[PDB]
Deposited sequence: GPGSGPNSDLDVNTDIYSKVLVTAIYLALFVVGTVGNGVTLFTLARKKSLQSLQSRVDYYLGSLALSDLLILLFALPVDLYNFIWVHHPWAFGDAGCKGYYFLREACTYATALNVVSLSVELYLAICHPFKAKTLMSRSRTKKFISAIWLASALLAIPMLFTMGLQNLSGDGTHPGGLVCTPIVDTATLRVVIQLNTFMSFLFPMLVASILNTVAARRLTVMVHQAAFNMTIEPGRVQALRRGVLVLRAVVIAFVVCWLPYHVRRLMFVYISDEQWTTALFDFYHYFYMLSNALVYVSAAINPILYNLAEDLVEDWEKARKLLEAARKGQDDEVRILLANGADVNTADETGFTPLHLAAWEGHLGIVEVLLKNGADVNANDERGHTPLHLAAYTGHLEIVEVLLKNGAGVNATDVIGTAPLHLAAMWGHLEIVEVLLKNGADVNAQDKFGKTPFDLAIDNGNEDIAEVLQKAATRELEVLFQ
């Protein structure tokens, strides 16, 4: 009896947040206009999946909560509500299945037949086609009007178990399993081709669409499998009989919980990957040298102080690749000049390494740590003397570089200069050293 309240509270909560959630999602994707066509066509399929979820929450859930609340009470929705409850529930399972299949085809064609896709696909055609999806869904659901009926009050099948075993089997085959098999094959083949095509506005959309499709396909199996499993049992199939009763109950809730959380989830997940893509784009743009792309991303709201798995900020990559323009703009939008990575390298280490003179100047001008030492004990002057960048050694020494600094290997930059046959560079450190001796006295 106590559980009834607990289930009610949970079931009511799922209803209000589920209806409003899917409603907001429906109204949002409606207003939403994207320049990339596929972005739109993806959102059309995401609309009809939110509609399918909303219908089930408005029409089906309330009937269940009554069936749960009033156990073994008369069916109080008439023969119309009886036949209709299963029509809508069957009409939505088809709609969802045809959407995830239609979406996966459009996204397969995009990647694997682009110059066949360009000549076939359009926002208008997708919109007109998603109508056909809901028609087919309604026509495929018509048989459930005749299978279910009212008797003595129970909304129970009004047809033989033989004829009923057929429809349940035909339902589960192409409202599930067929879509699952088609979605996973097409999305796999496409995703493999996509990761190869990497090894532009349209190309961005594809990576988004493939993520979306893998997210909805995983969300589709977790929700509808225990349900369709439960259905499949009726067709084929004690003390555990009462224990297998819990599965039936658990499978219903799952369809509802999923349908209610998916909007709250998708939006939560979209935000994270939305920024994760911006940050990933900035790092690529910085290292590549697309000074244009960087400008756009920083305005968009990309994190100036992003990092790699290694701990390479954009300023590390720009300084390393020697993109003075990108270095200048990164510092302009408040990049950490003294930022460290795993090995403990600052940008000034990398600009002294590759030997970009003016970047070394800019980093120091914007307050770079001149003596900054890494894990191995190495400093920027070690690296300039190592590669023999005489001009960089000059400015480093000029900006208060420690000519004496030794590493873990017990080698100073003076030694490294000699050890690389850099006769000129070595001569400058000797001069610099004896000057430091005289001020020390």
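**Q** Checking coverage: what stretches of the deposited chain sequence are missing C-alpha positions?
**A** No coordinates exist for the deposited residues in 1-15, 168-177, 225-233, 272-277, 482, so these stretches are absent from the model.
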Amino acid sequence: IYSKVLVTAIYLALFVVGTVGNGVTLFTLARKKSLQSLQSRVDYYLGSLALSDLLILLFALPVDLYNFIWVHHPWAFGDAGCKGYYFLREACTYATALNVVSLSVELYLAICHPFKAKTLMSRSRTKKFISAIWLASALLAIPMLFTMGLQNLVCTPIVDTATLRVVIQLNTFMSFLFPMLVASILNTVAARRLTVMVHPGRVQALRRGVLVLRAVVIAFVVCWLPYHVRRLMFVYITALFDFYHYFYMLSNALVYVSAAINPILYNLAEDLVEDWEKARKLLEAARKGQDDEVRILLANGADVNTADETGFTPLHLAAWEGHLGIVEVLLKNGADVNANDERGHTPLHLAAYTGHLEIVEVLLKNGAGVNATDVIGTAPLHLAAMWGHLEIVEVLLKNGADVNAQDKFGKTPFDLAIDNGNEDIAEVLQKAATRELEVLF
From here on, numbers count along this sequence of modelled residues.
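**Q** Quick check on the record: does 19-27 or 424-432 carry the larger mean Cα temperature factor?
**A** Taking the mean C-alpha B-factor of 424-432 and of 19-27, the larger value falls to 424-432.
**Q** Could you check the entry and say whether 243-251 or 188-196 has the higher mean CA B-factor?
**A** The entry gives the higher C-alpha B-factor average to 243-251.
**Q** Maximum C-alpha temperature factor per the entry, among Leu317, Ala117, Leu272, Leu330, belongs to which one?
**A** Of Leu317, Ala117, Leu272, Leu330, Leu272 has the highest C-alpha B-factor.
**Q** Have a look at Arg230, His323, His356, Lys128 and flag the one whose Cα has the highest B-factor in the entry.
**A** Of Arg230, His323, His356, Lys128, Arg230 has the highest C-alpha B-factor.
**Q** By the recorded C-alpha temperature factor, relative to the other modelled residues in its chain, which third is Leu363 in?
**A** It falls in the bottom third of the chain.
**Q** Taking the values exactly as deposited, rank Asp43 by C-alpha B-factor within its chain and report the matching third: lowest, middle or highest.
**A** It falls in the bottom third of the chain.
**Q** Is the Cα B-factor recorded for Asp341 in the lowest, middle or highest third of its chain?
**A** It falls in the middle third of the chain.
**Q** Is the Cα B-factor recorded for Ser37 in the lowest, middle or highest third of its chain?
**A** CA B-factor rank for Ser37: lowest third.
**Q** By the record's CA B-factor, is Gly334 among the lowest, middle or highest third of residues in the chain?
**A** Tercile = middle for this residue's CA B-factor.
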